[PDB]
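A single chain, nothing else alongside it, follows as structure tokens in the form deposited in one PDB entry.
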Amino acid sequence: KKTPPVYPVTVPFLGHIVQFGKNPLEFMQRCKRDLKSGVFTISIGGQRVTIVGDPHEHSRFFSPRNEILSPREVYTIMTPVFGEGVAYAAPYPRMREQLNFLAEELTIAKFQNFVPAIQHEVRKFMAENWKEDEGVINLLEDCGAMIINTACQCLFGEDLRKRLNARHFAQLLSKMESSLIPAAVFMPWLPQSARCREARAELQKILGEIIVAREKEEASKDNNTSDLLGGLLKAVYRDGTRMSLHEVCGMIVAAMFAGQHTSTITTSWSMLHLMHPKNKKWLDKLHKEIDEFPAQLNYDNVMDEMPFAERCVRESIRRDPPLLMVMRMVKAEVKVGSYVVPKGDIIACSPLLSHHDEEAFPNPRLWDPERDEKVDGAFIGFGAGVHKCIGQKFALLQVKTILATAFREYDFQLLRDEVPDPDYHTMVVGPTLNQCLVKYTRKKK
């Protein structure tokens, strides 16, 4: 009944925040290698951080209930972004209720409209920015613009898009997230909240006026508005109450924030690999898959006739996962294989680490869409168990739709010799900005 072997500190109360900041992959790999164990504890400012680095031991982290493993006290940082009483700020039972309303808005039933709506905004963006036949663009900043555009074309109603467009909304999103610093998640003890508040107090009033307007159309039942907002208004809790504007806006914000960073990074990655000359066989097999498709794609095409595309996307999330660390706070310990994690200990599971386990993924730095996890449950890019990703189906659909639409009508050339190196400065990891310069070439008669 002993604890994981603690990696020693040299500079004290720095813990490892410097060695970790530069390159998390190498650091964690070295820790795993030296300690001869996938399971080990590191110190971050004195805090006992315990990583579960053995892909065979994943279900230990993802299976327990919240009362045993609590995300809240480690994920608090998001409380100003979504507001109070929303998500973690709210108690677990009612957060579950909140998440149920959101998940019931991303049902495969809603997805029938999404495919044509995503294609519309991709082709709009390509008509206004891909204007020349040959041009240089930054892929990372462009896929983001496409992700926010198409996501608003899916879950935002006509009237809401007239009173808010995506391009202004993304400026509200960045206005809101800038209060996040990676080194504020382990210390329980704001110069940006002042700008964070004014963004929500702006969005909340805009939404409130759309609601005031929709209740004055509601008389006809002819308004027929069934978007993310439309369903969240109708939401009724277990105890008869309904969502207030504060809880409503927070939910919309969360819906967009979650998808926009993770999806755009995924898309960008996916495009850089296929674009690369070493990956030509994969680009061809992609083409073999999408060449037969009509100009206007339907739900079946993307979902049913596009497995290989999904193999590329998933591989991209397997190789370079957007979220490096998933975290919990232990309230009551349960055995982790042979070791045991004590109460008060901060337990983590790292998609960045696990996705690079030689047994699970031989040659982890190789992009290979046809490869299958050699250990069941190794791939945890969307998480697993109690807190698996509810946006997984939508993001997959979103990225695939974009890839199919882009490659069908364009060719791409990477100004670089090698695929961009990930940037670990940010908490959510994507490829380097100044490395993401790409040349586009339009396909002609």
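Numbering starts at 1 and runs along the sequence shown. Between two forms, the rigid core is defined as the largest C-alpha subset superposing within 1.5 Å.
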Practice item. Indicate yes or no: is residue 220 absent from the model in at least a third of the other PDB entries of this protein that were compared? Key: yes
**Study point:** Between the two ranges 55-63 and 389-397, the one averaging a larger CA B factor in the entry
**Key:** 55-63
Study note, to complete from the structure: The stretch whose C-alpha atoms carry the larger average B-factor in the entry, 105-113 or 315-323, is 105-113
Check your understanding: Going by the deposited entry, which of 197, 123, 287, 96 has the highest CA temperature factor?
Key -> 197
Review point. Looking at 349, 283, 160, 332, which has the highest CA B-factor as recorded?
Key: 332
Point to revise | Relative C-alpha B-factor of residue 371, binned into the chain's lowest, middle or highest third | key: lowest
Check your understanding: Mind checking which third residue 11 falls in for C-alpha B-factor across the chain?
Key -> highest
Point to revise | residue 403 CA temperature factor, ranked by third within the chain | key: lowest
Point to revise | Modelled-residue ranking by C-alpha temperature factor, third containing residue 264 | key: lowest
Check your understanding: Going by what the PDB entry lists, where does residue 328 fall on CA B-factor within its chain: lowest, middle or highest third?
Key -> middle
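Heads up, the form deposited in another entry isn't pictured, but that's what we're talking about next.
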Point to revise | Large Cα move at residue 195 between this form and the one not shown, threshold 2 Å, rigid core | key: yes
**Study point:** Shift of residue 15 between this form and the one not shown at or above 2 Å (CA, core fit)
**Key:** yes
